[PDB]
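Visitor: Here it is, the structure, as structure tokens.
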Amino acid sequence: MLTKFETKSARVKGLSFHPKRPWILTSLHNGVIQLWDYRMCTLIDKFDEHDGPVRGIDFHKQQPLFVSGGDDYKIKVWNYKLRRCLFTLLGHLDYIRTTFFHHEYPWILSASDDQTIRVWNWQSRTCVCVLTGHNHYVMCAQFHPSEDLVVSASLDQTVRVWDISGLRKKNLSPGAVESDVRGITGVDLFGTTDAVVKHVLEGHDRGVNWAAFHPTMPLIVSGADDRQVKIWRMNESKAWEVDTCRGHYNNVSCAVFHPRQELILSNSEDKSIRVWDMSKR
Amino acid sequence: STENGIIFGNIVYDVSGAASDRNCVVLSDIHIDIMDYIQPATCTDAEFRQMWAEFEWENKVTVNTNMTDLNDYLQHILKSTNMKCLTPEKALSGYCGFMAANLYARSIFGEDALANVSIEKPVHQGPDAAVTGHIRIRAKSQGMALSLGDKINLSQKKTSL
């Protein structure tokens with residue numbers, strides 16, 4: 001109905017909308033992190049996290065705080081509200097894409113764009129988890145259905161899905177029948193970002209811009225570094241699923257699922273946003 | 001004191017959710033208007049005219065329409081804004097008049113605002129139960145100035161806010 005406010009500027013790699021607020025917190029690769037609590041058409045703060053670019057934005061999970069990543073390689077959580085830094089560690093050799101907050105003993109998970117992501121105890125000091133299975137440059141890192149199960153999208157042309165543990169990664173199982181992750185007609189490839197057969201999914205599509213998950217589900221909706229943004233369901237795994245998402249002119253940087261909407265929104269580069277179904281598609 | 005230039009106020013304000021509270025009210029104000037602020041203020045007419053013309057021309061709003069004669073109506077408006085009409089000529093605000101009324105006021109943070117409004121005026125089958133008089137508003141910024149013309153426009157009549 002109305003586009004309340006609109007100025008075109010910002011060169012934007014990472015993004016998030018406030019699930020609680022009508023904020024948009026926006027990550028630019030201008031090196032900028034911004035929180036604007038978008039409501040009153042006003043920015044609360046604006047820090048260009050470092051000289052270098054900024055790729056990442058993720059939620060802490062609480063109410064109004066950012067966990068932020070730059071080419072600093074640092075995980076910062078700073079509360080806009082409390083304008084202060086919660087606990088601090090820098091980052092490996094690339095930026096931080098996703099974060100989750102937990103609390104047996106007020107306990108923490110950090111998801112990263114490089115190498116490993118490490119999950120840390122500052123209370124009764126022990127190890128909840130270690131994640132290796134990333135390399136460099138994560139476009140879109142994701143919590144899964146199980147929130148603390150996860151997927152990652154890479155500029156290392158892989159995807160990682162990991163299994164975690166309370167004493168590092170492992171799963172025990174023995175009942176299933178076939179798999180959709182990989183087990184009948186169609187299915188898409190493994191990539192390499194880690195080295196355990198959970199599934200490293202192939203992020204080659206000239207590299208993957210975005211990865212997006214299906215909560216209980218393993219369908220992914222993707223942005224890809226190909227015109228082809230190729231959609232695959234690992235809750236099916238169709239053939240002509242070797243779908244290349246097509247503009248008219250080039251690209252499909254991203255195409256995304258809206259939690260509520262059984263739809264795909266695509267956006268591209270001929271000057272465009274392209275409109276897609278996904279209810280009958 | 002405290003300059004904040006967020007005009008007409010309407011500036012976001014916070015009551016916070018910070019303790020037995022998960023939310024609260026963040027509010028921007030509205031309800032902050034002019035008609036009140038300015039006080040009446042005065043001038044020599046020749047100089048005035050000269051000045052009238054001279055001033056920040058840039059705003060005007062029209063008077064036309066009401067519920068009253070500009071006797072009672074004018075008085076009401078005057079009191080409402082707390083502002084001045086500088087001088088009469090007896091020509092007659094009665095039989096018609098076919099009077100243009102010059103008004104001046106000075107405020108609390110000191111802007112002087114000038115008006116010439118020229119107005120028809122009530123009287124049987126003669127003229128005035130509208131106006132179609134033009135209210136010429138001069139205040140330095142047009143933005144407040146016109147806004148003032150409005151504000152007065154709000155002021156002008158009496159109806160469901």
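In the structure tokens, chains take letters A, B, ... by order of appearance, with residues numbered from 1 within each chain and ligands from 1 in the order shown.
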Quick one: residues within 6 Å of region 40-44 of chain B, only C-alpha atoms, excluding same-chain residues fewer than 2 positions away - as a VMD selection string?

Guide: chain B and resid 46 to 48 83 to 84 86 104 to 106

Visitor: Just N, CA, C and O atoms for this one: save the residues we selected as a PDB file, in the first residue's frame.

Guide:
```pdb
ATOM      1  N   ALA B  46       2.719  53.935   8.528  1.00  0.00           N
ATOM      2  CA  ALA B  46       3.272  54.189   7.229  1.00  0.00           C
ATOM      3  C   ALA B  46       4.389  53.252   6.908  1.00  0.00           C
ATOM      4  O   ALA B  46       4.485  52.588   5.882  1.00  0.00           O
ATOM      5  N   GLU B  47       5.209  53.164   7.933  1.00  0.00           N
ATOM      6  CA  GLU B  47       6.390  52.424   8.110  1.00  0.00           C
ATOM      7  C   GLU B  47       6.045  51.030   8.084  1.00  0.00           C
ATOM      8  O   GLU B  47       6.768  50.197   7.585  1.00  0.00           O
ATOM      9  N   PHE B  48       4.861  50.758   8.608  1.00  0.00           N
ATOM     10  CA  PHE B  48       4.316  49.473   8.675  1.00  0.00           C
ATOM     11  C   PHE B  48       4.121  49.022   7.310  1.00  0.00           C
ATOM     12  O   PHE B  48       4.509  47.929   7.016  1.00  0.00           O
ATOM     13  N   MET B  83      -2.898  37.489  19.892  1.00  0.00           N
ATOM     14  CA  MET B  83      -2.062  38.249  18.969  1.00  0.00           C
ATOM     15  C   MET B  83      -2.707  39.575  18.576  1.00  0.00           C
ATOM     16  O   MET B  83      -3.843  39.801  18.979  1.00  0.00           O
ATOM     17  N   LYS B  84      -1.996  40.524  17.866  1.00  0.00           N
ATOM     18  CA  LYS B  84      -2.488  41.888  17.690  1.00  0.00           C
ATOM     19  C   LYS B  84      -2.982  42.123  16.311  1.00  0.00           C
ATOM     20  O   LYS B  84      -2.274  41.797  15.401  1.00  0.00           O
ATOM     21  N   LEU B  86      -3.150  45.665  14.553  1.00  0.00           N
ATOM     22  CA  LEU B  86      -2.659  46.946  14.973  1.00  0.00           C
ATOM     23  C   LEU B  86      -3.580  48.126  15.042  1.00  0.00           C
ATOM     24  O   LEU B  86      -3.538  48.813  16.057  1.00  0.00           O
ATOM     25  N   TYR B 104      -0.200  42.152  13.838  1.00  0.00           N
ATOM     26  CA  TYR B 104       1.139  41.984  14.216  1.00  0.00           C
ATOM     27  C   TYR B 104       1.289  41.285  15.530  1.00  0.00           C
ATOM     28  O   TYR B 104       0.483  41.397  16.425  1.00  0.00           O
ATOM     29  N   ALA B 105       2.318  40.469  15.701  1.00  0.00           N
ATOM     30  CA  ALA B 105       2.479  39.787  16.939  1.00  0.00           C
ATOM     31  C   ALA B 105       3.928  39.541  17.149  1.00  0.00           C
ATOM     32  O   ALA B 105       4.610  39.320  16.164  1.00  0.00           O
ATOM     33  N   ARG B 106       4.423  39.418  18.405  1.00  0.00           N
ATOM     34  CA  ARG B 106       5.777  38.982  18.675  1.00  0.00           C
ATOM     35  C   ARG B 106       5.735  37.922  19.746  1.00  0.00           C
ATOM     36  O   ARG B 106       4.921  38.011  20.653  1.00  0.00           O
TER      37      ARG B 106
END
```

Visitor: Give me, as a PDB file with C-alpha atoms, in the first residue's frame, the contact residues of chain B against chain A at a cut-off of 12 Å, counting only C-alpha atoms.

Guide:
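To be explicit, this is the file written out as iface.pdb:
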```pdb
ATOM      1  CA  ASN B  10       7.143  16.266  17.308  1.00  0.00           C
ATOM      2  CA  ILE B  11      10.107  14.654  18.442  1.00  0.00           C
ATOM      3  CA  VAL B  12      10.506  11.232  19.681  1.00  0.00           C
ATOM      4  CA  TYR B  13      10.485  10.684  23.292  1.00  0.00           C
ATOM      5  CA  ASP B  14      11.196   7.787  25.438  1.00  0.00           C
ATOM      6  CA  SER B  16      11.419   2.625  28.269  1.00  0.00           C
ATOM      7  CA  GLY B  17      10.770  -0.962  28.758  1.00  0.00           C
ATOM      8  CA  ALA B  18      13.760  -1.285  30.986  1.00  0.00           C
ATOM      9  CA  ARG B  22       9.398  -5.506  28.369  1.00  0.00           C
ATOM     10  CA  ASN B  23       8.255  -2.505  26.207  1.00  0.00           C
ATOM     11  CA  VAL B  26       8.175   5.631  22.599  1.00  0.00           C
ATOM     12  CA  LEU B  27       6.376   8.460  21.363  1.00  0.00           C
ATOM     13  CA  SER B  28       6.889  11.426  19.249  1.00  0.00           C
ATOM     14  CA  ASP B  29       4.812  14.359  20.151  1.00  0.00           C
TER      15      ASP B  29
END
```

Visitor: Kindly give the distance, in Å, that separates CA of residue 223 (chain A) and CA of residue 90 (chain A), rounded to a single decimal.

Guide: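 Taking CA of residue 223 (chain A) and CA of residue 90 (chain A), their separation equals 27.6 Å.
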
Visitor: I'd like to know which residues of region 10-145 of chain B are helix (DSSP H, G or I) (by DSSP, run on the backbone); could you write them as a list in words?

Guide: residues 45, 46, 47, 48, 49, 50, 51, 52, 53, 54, 72, 73, 74, 75, 76, 77, 78, 79, 80, 81, 142, 143, 144 and 145 of chain B

Visitor: For the residues selected in the previous step, produce a file with N, CA, C and O atoms as a compact mmCIF listing (two decimals), in the first residue's frame.

Guide:
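Contents of again27.txt, freshly written:
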```txt
# COMPACT_ATOMS: atom_id res chain seq x y z
N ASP B 45 2.22 52.94 11.11
CA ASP B 45 1.48 52.50 10.01
C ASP B 45 2.11 52.78 8.73
O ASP B 45 2.13 51.92 7.87
N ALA B 46 2.72 53.93 8.53
CA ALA B 46 3.27 54.19 7.23
C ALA B 46 4.39 53.25 6.91
O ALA B 46 4.49 52.59 5.88
N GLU B 47 5.21 53.16 7.93
CA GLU B 47 6.39 52.42 8.11
C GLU B 47 6.04 51.03 8.08
O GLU B 47 6.77 50.20 7.58
N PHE B 48 4.86 50.76 8.61
CA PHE B 48 4.32 49.47 8.68
C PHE B 48 4.12 49.02 7.31
O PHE B 48 4.51 47.93 7.02
N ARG B 49 3.48 49.81 6.46
CA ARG B 49 3.02 49.40 5.17
C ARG B 49 4.18 49.02 4.40
O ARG B 49 4.24 48.03 3.70
N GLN B 50 5.19 49.86 4.57
CA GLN B 50 6.40 49.83 3.90
C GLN B 50 6.99 48.55 4.30
O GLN B 50 7.44 47.77 3.49
N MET B 51 6.91 48.27 5.58
CA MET B 51 7.43 47.11 6.11
C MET B 51 6.70 45.91 5.69
O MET B 51 7.21 44.83 5.51
N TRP B 52 5.40 46.01 5.56
CA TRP B 52 4.54 44.91 5.35
C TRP B 52 4.95 44.27 4.13
O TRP B 52 5.21 43.09 4.12
N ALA B 53 5.15 45.12 3.14
CA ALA B 53 5.60 44.76 1.86
C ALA B 53 6.96 44.22 1.97
O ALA B 53 7.27 43.17 1.44
N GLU B 54 7.78 44.86 2.76
CA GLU B 54 9.13 44.53 2.92
C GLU B 54 9.39 43.17 3.48
O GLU B 54 10.37 42.54 3.12
N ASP B 72 -17.40 38.97 16.76
CA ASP B 72 -17.21 37.91 17.73
C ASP B 72 -16.12 36.99 17.21
O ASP B 72 -15.19 36.68 17.93
N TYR B 73 -16.23 36.57 15.96
CA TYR B 73 -15.24 35.69 15.36
C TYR B 73 -13.84 36.27 15.47
O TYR B 73 -12.92 35.60 15.93
N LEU B 74 -13.67 37.53 15.07
CA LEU B 74 -12.35 38.14 15.11
C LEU B 74 -11.82 38.15 16.52
O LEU B 74 -10.69 37.77 16.76
N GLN B 75 -12.66 38.56 17.46
CA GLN B 75 -12.28 38.62 18.86
C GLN B 75 -11.80 37.26 19.31
O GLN B 75 -10.73 37.13 19.88
N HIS B 76 -12.60 36.24 19.03
CA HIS B 76 -12.29 34.87 19.38
C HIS B 76 -10.93 34.49 18.85
O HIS B 76 -10.06 34.10 19.61
N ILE B 77 -10.72 34.66 17.55
CA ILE B 77 -9.45 34.30 16.94
C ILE B 77 -8.29 35.03 17.61
O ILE B 77 -7.26 34.42 17.94
N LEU B 78 -8.47 36.33 17.79
CA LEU B 78 -7.50 37.20 18.41
C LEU B 78 -7.10 36.61 19.74
O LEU B 78 -5.95 36.29 19.94
N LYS B 79 -8.07 36.40 20.61
CA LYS B 79 -7.80 35.85 21.93
C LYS B 79 -7.11 34.50 21.86
O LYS B 79 -6.17 34.23 22.61
N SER B 80 -7.58 33.65 20.97
CA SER B 80 -7.03 32.32 20.78
C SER B 80 -5.54 32.35 20.48
O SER B 80 -4.77 31.62 21.08
N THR B 81 -5.13 33.21 19.55
CA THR B 81 -3.71 33.23 19.22
C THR B 81 -2.92 34.13 20.16
O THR B 81 -1.69 34.04 20.25
N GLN B 142 9.22 30.01 5.53
CA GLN B 142 7.95 29.84 4.99
C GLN B 142 7.32 28.72 5.70
O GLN B 142 6.12 28.68 5.89
N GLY B 143 8.16 27.74 6.07
CA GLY B 143 7.63 26.55 6.63
C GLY B 143 6.92 26.75 7.88
O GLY B 143 5.79 26.31 7.98
N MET B 144 7.45 27.57 8.80
CA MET B 144 6.59 27.85 9.90
C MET B 144 5.55 28.81 9.52
O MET B 144 4.45 28.68 9.98
N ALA B 145 5.85 29.73 8.62
CA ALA B 145 4.93 30.77 8.31
C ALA B 145 3.65 30.39 7.72
O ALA B 145 2.57 30.82 8.08
```

Visitor: Name the closest residue to residue 118 (chain A) among the candidates A:164, A:252, A:86, A:57; distances are taken between atoms, counting only C-alpha atoms.

Guide: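 Closest to residue 118 (chain A) of all the choices is A:164.
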
Visitor: For residue 69 (chain B), list every protein, DNA or RNA residue within 12 Å, evaluated using only C-alpha atoms, and leave out those in the same chain fewer than 2 positions away; present the list as number ranges by chain.

Guide: B: 64-67, 71-77, 93-94, 96-97, 119-124, 127-131, 156-157

Visitor: Based on the selection just made, write N, CA and C atoms of those residues as an mmCIF file, in the first residue's frame.

Guide:
```cif
data_model
loop_
_atom_site.group_PDB
_atom_site.id
_atom_site.type_symbol
_atom_site.label_atom_id
_atom_site.label_comp_id
_atom_site.auth_asym_id
_atom_site.auth_seq_id
_atom_site.Cartn_x
_atom_site.Cartn_y
_atom_site.Cartn_z
ATOM 1 N N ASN B 64 -12.084 32.568 4.640
ATOM 2 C CA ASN B 64 -13.200 32.287 3.870
ATOM 3 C C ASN B 64 -13.654 31.260 4.799
ATOM 4 N N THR B 65 -14.972 31.309 5.118
ATOM 5 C CA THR B 65 -15.797 30.372 5.893
ATOM 6 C C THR B 65 -15.755 30.447 7.419
ATOM 7 N N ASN B 66 -16.923 30.207 8.138
ATOM 8 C CA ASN B 66 -17.035 30.128 9.606
ATOM 9 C C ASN B 66 -18.434 29.762 10.090
ATOM 10 N N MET B 67 -18.892 30.479 11.152
ATOM 11 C CA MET B 67 -19.986 30.205 12.025
ATOM 12 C C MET B 67 -20.404 31.504 12.695
ATOM 13 N N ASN B 71 -16.807 39.952 14.211
ATOM 14 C CA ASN B 71 -16.765 40.814 15.369
ATOM 15 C C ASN B 71 -16.408 39.781 16.420
ATOM 16 N N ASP B 72 -17.399 38.970 16.763
ATOM 17 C CA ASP B 72 -17.210 37.909 17.729
ATOM 18 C C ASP B 72 -16.117 36.990 17.213
ATOM 19 N N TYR B 73 -16.232 36.573 15.958
ATOM 20 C CA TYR B 73 -15.241 35.694 15.362
ATOM 21 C C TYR B 73 -13.835 36.271 15.472
ATOM 22 N N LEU B 74 -13.667 37.526 15.073
ATOM 23 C CA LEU B 74 -12.347 38.136 15.114
ATOM 24 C C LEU B 74 -11.821 38.146 16.521
ATOM 25 N N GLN B 75 -12.661 38.565 17.457
ATOM 26 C CA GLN B 75 -12.277 38.624 18.856
ATOM 27 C C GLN B 75 -11.799 37.258 19.309
ATOM 28 N N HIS B 76 -12.600 36.242 19.026
ATOM 29 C CA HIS B 76 -12.289 34.874 19.380
ATOM 30 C C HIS B 76 -10.926 34.495 18.852
ATOM 31 N N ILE B 77 -10.720 34.658 17.551
ATOM 32 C CA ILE B 77 -9.448 34.299 16.940
ATOM 33 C C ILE B 77 -8.289 35.027 17.606
ATOM 34 N N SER B 93 -16.384 48.053 10.054
ATOM 35 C CA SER B 93 -16.636 46.745 10.595
ATOM 36 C C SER B 93 -18.020 46.785 11.153
ATOM 37 N N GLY B 94 -19.021 47.041 10.305
ATOM 38 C CA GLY B 94 -20.350 47.085 10.827
ATOM 39 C C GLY B 94 -21.267 47.051 9.668
ATOM 40 N N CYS B 96 -20.571 47.028 6.725
ATOM 41 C CA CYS B 96 -20.052 45.917 6.003
ATOM 42 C C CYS B 96 -19.067 45.354 6.970
ATOM 43 N N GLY B 97 -17.983 46.043 7.412
ATOM 44 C CA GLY B 97 -17.088 46.919 6.698
ATOM 45 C C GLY B 97 -16.451 46.235 5.522
ATOM 46 N N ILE B 119 -10.786 41.187 4.272
ATOM 47 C CA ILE B 119 -12.046 40.430 4.508
ATOM 48 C C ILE B 119 -13.494 40.956 4.273
ATOM 49 N N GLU B 120 -14.394 40.318 3.493
ATOM 50 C CA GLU B 120 -15.766 40.794 3.310
ATOM 51 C C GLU B 120 -16.660 41.334 4.474
ATOM 52 N N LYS B 121 -16.920 40.583 5.584
ATOM 53 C CA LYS B 121 -17.725 40.883 6.793
ATOM 54 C C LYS B 121 -19.289 40.942 6.892
ATOM 55 N N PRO B 122 -19.931 39.928 7.494
ATOM 56 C CA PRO B 122 -21.352 39.656 7.741
ATOM 57 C C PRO B 122 -22.254 40.888 7.699
ATOM 58 N N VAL B 123 -23.543 40.678 7.427
ATOM 59 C CA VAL B 123 -24.513 41.772 7.373
ATOM 60 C C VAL B 123 -25.657 41.596 6.364
ATOM 61 N N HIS B 124 -26.696 40.862 6.754
ATOM 62 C CA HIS B 124 -27.864 40.639 5.898
ATOM 63 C C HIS B 124 -27.567 40.245 4.445
ATOM 64 N N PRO B 127 -22.136 42.319 2.777
ATOM 65 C CA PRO B 127 -21.437 41.017 2.652
ATOM 66 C C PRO B 127 -20.563 40.398 3.779
ATOM 67 N N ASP B 128 -20.661 39.069 3.962
ATOM 68 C CA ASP B 128 -19.844 38.329 4.948
ATOM 69 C C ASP B 128 -20.374 37.160 5.833
ATOM 70 N N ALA B 129 -20.231 35.902 5.383
ATOM 71 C CA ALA B 129 -20.601 34.759 6.177
ATOM 72 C C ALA B 129 -19.656 33.709 5.675
ATOM 73 N N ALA B 130 -18.599 34.175 4.971
ATOM 74 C CA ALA B 130 -17.525 33.435 4.401
ATOM 75 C C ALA B 130 -16.453 34.414 4.603
ATOM 76 N N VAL B 131 -15.578 34.571 3.626
ATOM 77 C CA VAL B 131 -14.859 35.761 3.531
ATOM 78 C C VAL B 131 -14.647 35.752 2.162
ATOM 79 N N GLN B 156 -9.333 29.251 13.111
ATOM 80 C CA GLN B 156 -10.320 30.141 12.603
ATOM 81 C C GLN B 156 -11.669 29.770 13.010
ATOM 82 N N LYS B 157 -11.962 28.492 12.913
ATOM 83 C CA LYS B 157 -13.262 28.012 13.125
ATOM 84 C C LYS B 157 -13.259 27.230 14.327
#
```

Visitor: Enumerate as a PyMOL selection string all residues of region 10-191 of chain A assigned to strand (DSSP E) by DSSP on the backbone, naming them with the chain letters and numbers the document uses.

Guide: chain A and resi 14-17+24-27+33-37+42-47+56-58+66-69+74-79+84-85+89-90+98-101+108-111+116-119+129-132+138-143+150-154+158-162

Visitor: Can you list, as a PDB file with N, CA and C atoms, in the first residue's frame, every protein, DNA or RNA residue that comes within 12 Å of region 259-261 of chain A when you count only C-alpha atoms, leaving out same-chain residues fewer than 5 positions away?

Guide:
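New file part.pdb:
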```pdb
ATOM      1  N   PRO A  19      12.544  -9.317  13.938  1.00  0.00           N
ATOM      2  CA  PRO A  19      11.416 -10.183  14.148  1.00  0.00           C
ATOM      3  C   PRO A  19      10.507  -9.737  15.203  1.00  0.00           C
ATOM      4  N   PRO A 145      16.130 -25.559  11.294  1.00  0.00           N
ATOM      5  CA  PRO A 145      14.944 -25.951  11.971  1.00  0.00           C
ATOM      6  C   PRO A 145      15.068 -26.092  13.398  1.00  0.00           C
ATOM      7  N   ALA A 212      19.151 -20.493   2.605  1.00  0.00           N
ATOM      8  CA  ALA A 212      18.074 -20.180   3.466  1.00  0.00           C
ATOM      9  C   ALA A 212      17.462 -21.482   3.632  1.00  0.00           C
ATOM     10  N   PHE A 213      16.891 -21.641   4.808  1.00  0.00           N
ATOM     11  CA  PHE A 213      16.502 -22.919   5.304  1.00  0.00           C
ATOM     12  C   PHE A 213      15.090 -23.063   5.444  1.00  0.00           C
ATOM     13  N   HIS A 214      14.690 -24.325   5.600  1.00  0.00           N
ATOM     14  CA  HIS A 214      13.305 -24.737   5.763  1.00  0.00           C
ATOM     15  C   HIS A 214      13.181 -25.500   7.078  1.00  0.00           C
ATOM     16  N   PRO A 215      12.982 -24.752   8.167  1.00  0.00           N
ATOM     17  CA  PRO A 215      12.803 -24.949   9.605  1.00  0.00           C
ATOM     18  C   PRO A 215      12.830 -26.385  10.103  1.00  0.00           C
ATOM     19  N   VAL A 221      16.421 -22.288  -0.053  1.00  0.00           N
ATOM     20  CA  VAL A 221      16.093 -21.267  -0.961  1.00  0.00           C
ATOM     21  C   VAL A 221      17.351 -20.496  -0.834  1.00  0.00           C
ATOM     22  N   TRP A 276       8.159 -14.154  -8.072  1.00  0.00           N
ATOM     23  CA  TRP A 276       8.007 -15.587  -8.196  1.00  0.00           C
ATOM     24  C   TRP A 276       6.989 -16.206  -7.282  1.00  0.00           C
ATOM     25  N   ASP A 277       6.327 -17.282  -7.731  1.00  0.00           N
ATOM     26  CA  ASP A 277       5.500 -18.041  -6.852  1.00  0.00           C
ATOM     27  C   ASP A 277       6.353 -19.053  -6.163  1.00  0.00           C
ATOM     28  N   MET A 278       5.720 -20.055  -5.560  1.00  0.00           N
ATOM     29  CA  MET A 278       6.296 -21.079  -4.779  1.00  0.00           C
ATOM     30  C   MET A 278       5.146 -21.658  -4.030  1.00  0.00           C
ATOM     31  N   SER A 279       3.885 -21.377  -4.409  1.00  0.00           N
ATOM     32  CA  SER A 279       2.745 -22.014  -3.800  1.00  0.00           C
ATOM     33  C   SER A 279       2.247 -23.022  -4.731  1.00  0.00           C
TER      34      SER A 279
END
```

Visitor: So, counting only C-alpha atoms, which residue among A:248, A:108, A:26, A:4 is closest to residue 39 (chain A)?

Guide: A:4

Visitor: Please indicate the distance in Å from CA of residue 231 (chain A) to CA of residue 15 (chain A), rounded to one decimal place.

Guide: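 That distance, rounded to one decimal, is 21.1 Å.
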
Visitor: Please determine, counting only C-alpha atoms, which residue among A:48, A:22, A:106, A:140 has the shortest atom-to-atom distance to residue 256 (chain A).

Guide: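 Of all the options, A:140 lies closest to residue 256 (chain A).
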
Visitor: Quick one: everything within 6 Å of residue 25 (chain A), counting only C-alpha atoms, minus sequence neighbours fewer than 2 positions away in the same chain. Send it as an MDAnalysis selection string.

Guide: chainID A and resid 16 34:36

Visitor: Taking into account only C-alpha atoms, which residue in the set B:57, B:98, B:37, B:8 is nearest to residue 133 (chain B)?

Guide: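 The answer is B:98, which sits nearest to residue 133 (chain B).
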
Visitor: Give me the residues near residue 137 (chain A) as a JSON list (two decimals) with N, CA and C atoms, in the first residue's frame, where near means some atom within 10 Å (using only C-alpha atoms) and where sequence neighbours in that chain fewer than 6 positions away do not count.

Guide:
```json
[["chain", "number", "residue", "atom", "x", "y", "z"],
["A", 55, "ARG", "N", 30.24, -7.76, 6.15],
["A", 55, "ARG", "CA", 29.36, -8.64, 5.43],
["A", 55, "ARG", "C", 28.20, -9.12, 6.24],
["A", 71, "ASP", "N", 35.29, -7.28, 8.45],
["A", 71, "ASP", "CA", 36.48, -7.84, 7.89],
["A", 71, "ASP", "C", 37.56, -7.76, 8.97],
["A", 93, "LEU", "N", 39.72, -15.65, 10.32],
["A", 93, "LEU", "CA", 40.29, -15.04, 9.17],
["A", 93, "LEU", "C", 39.21, -14.64, 8.26],
["A", 94, "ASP", "N", 37.97, -14.58, 8.76],
["A", 94, "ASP", "CA", 36.90, -14.00, 8.02],
["A", 94, "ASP", "C", 35.85, -13.61, 9.03],
["A", 95, "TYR", "N", 34.75, -12.96, 8.58],
["A", 95, "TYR", "CA", 33.73, -12.20, 9.31],
["A", 95, "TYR", "C", 32.73, -13.15, 10.01],
["A", 96, "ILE", "N", 31.76, -12.75, 10.91],
["A", 96, "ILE", "CA", 30.74, -13.66, 11.53],
["A", 96, "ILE", "C", 29.29, -13.58, 10.98],
["A", 97, "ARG", "N", 28.80, -14.61, 10.24],
["A", 97, "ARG", "CA", 27.47, -14.65, 9.65],
["A", 97, "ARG", "C", 26.25, -14.94, 10.49],
["A", 112, "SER", "N", 30.47, -18.36, 12.30],
["A", 112, "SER", "CA", 31.52, -17.61, 11.68],
["A", 112, "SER", "C", 31.62, -17.91, 10.18],
["A", 113, "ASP", "N", 32.45, -17.11, 9.43],
["A", 113, "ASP", "CA", 32.67, -17.15, 7.98],
["A", 113, "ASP", "C", 34.04, -17.73, 7.72],
["A", 114, "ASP", "N", 34.72, -18.28, 8.74],
["A", 114, "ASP", "CA", 36.02, -18.80, 8.45],
["A", 114, "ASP", "C", 36.34, -19.90, 9.36],
["A", 115, "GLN", "N", 36.71, -21.04, 8.74],
["A", 115, "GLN", "CA", 37.46, -22.12, 9.30],
["A", 115, "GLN", "C", 36.65, -22.95, 10.22],
["A", 153, "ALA", "N", 26.53, -20.88, 3.58],
["A", 153, "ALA", "CA", 26.75, -20.58, 2.16],
["A", 153, "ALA", "C", 28.11, -19.91, 1.97],
["A", 154, "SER", "N", 28.98, -20.31, 0.98],
["A", 154, "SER", "CA", 30.38, -19.86, 0.89],
["A", 154, "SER", "C", 30.83, -19.35, -0.47],
["A", 155, "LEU", "N", 31.95, -18.56, -0.43],
["A", 155, "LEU", "CA", 32.65, -18.01, -1.57],
["A", 155, "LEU", "C", 33.83, -18.92, -1.74],
["A", 156, "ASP", "N", 33.69, -20.13, -1.19],
["A", 156, "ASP", "CA", 34.60, -21.21, -1.31],
["A", 156, "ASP", "C", 33.83, -22.28, -2.01],
["A", 157, "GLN", "N", 32.62, -21.93, -2.51],
["A", 157, "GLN", "CA", 31.83, -22.72, -3.42],
["A", 157, "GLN", "C", 31.39, -24.01, -2.81]]
```
